[PDB]
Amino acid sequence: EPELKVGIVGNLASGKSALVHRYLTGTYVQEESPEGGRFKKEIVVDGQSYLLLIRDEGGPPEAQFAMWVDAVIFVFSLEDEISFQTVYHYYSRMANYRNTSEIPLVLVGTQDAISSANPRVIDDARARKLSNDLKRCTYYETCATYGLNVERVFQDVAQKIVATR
């Protein structure tokens, strides 16, 4: 019956695909998806059973997508200046087609890609600034490799969605 529609939004160097796939499997394959996909998952909020629909487009967001969603997860990777900047753009461009101030948002920075060669580049001070430019939305870090916060993100969003019904 009720239908939680969540949109994942970020460029494809952001690790957003690993994070969706971690959620649905609980395991980690590397490969991203240059054209996204649609997904599903029963979850319980208030001991009632909702169906979670997950559109990850790939490209920017458009009218058709922006109208469909009920909430939007914005993703960058903590080791790419451009995944970061592109969130500020895609936000602006969601505002073109929806009222982003009346819509559950979650900002997510991903760790997976950090390492010896690729050192982290977005310190906490800066993510905190992005969180505020997005109306001080909730924020998270995630490793898809081992688990961190992947559940919390998606249960966080769903709670917000039901709570507006």
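Residues carry their position along the shown sequence, with the first being 1.
Asker: Can you tell me whether 130-138 has a higher mean C-alpha B factor than 22-30 in this record, or the other way round?
Answerer: According to the PDB entry, the answer is 22-30.
Asker: Quick check on the record: does 44-52 or 65-73 carry the larger mean Cα temperature factor?
Answerer: The recorded data point to 44-52.
Asker: Taking the Cα B-factors listed in the entry, which of 108, 113, 117, 103 comes out highest?
Answerer: That would be 117.
Asker: What third of its chain, lowest, middle or highest, does the C-alpha temperature factor of residue 163 fall into?
Answerer: Its C-alpha B-factor belongs to the highest third of this chain's values.
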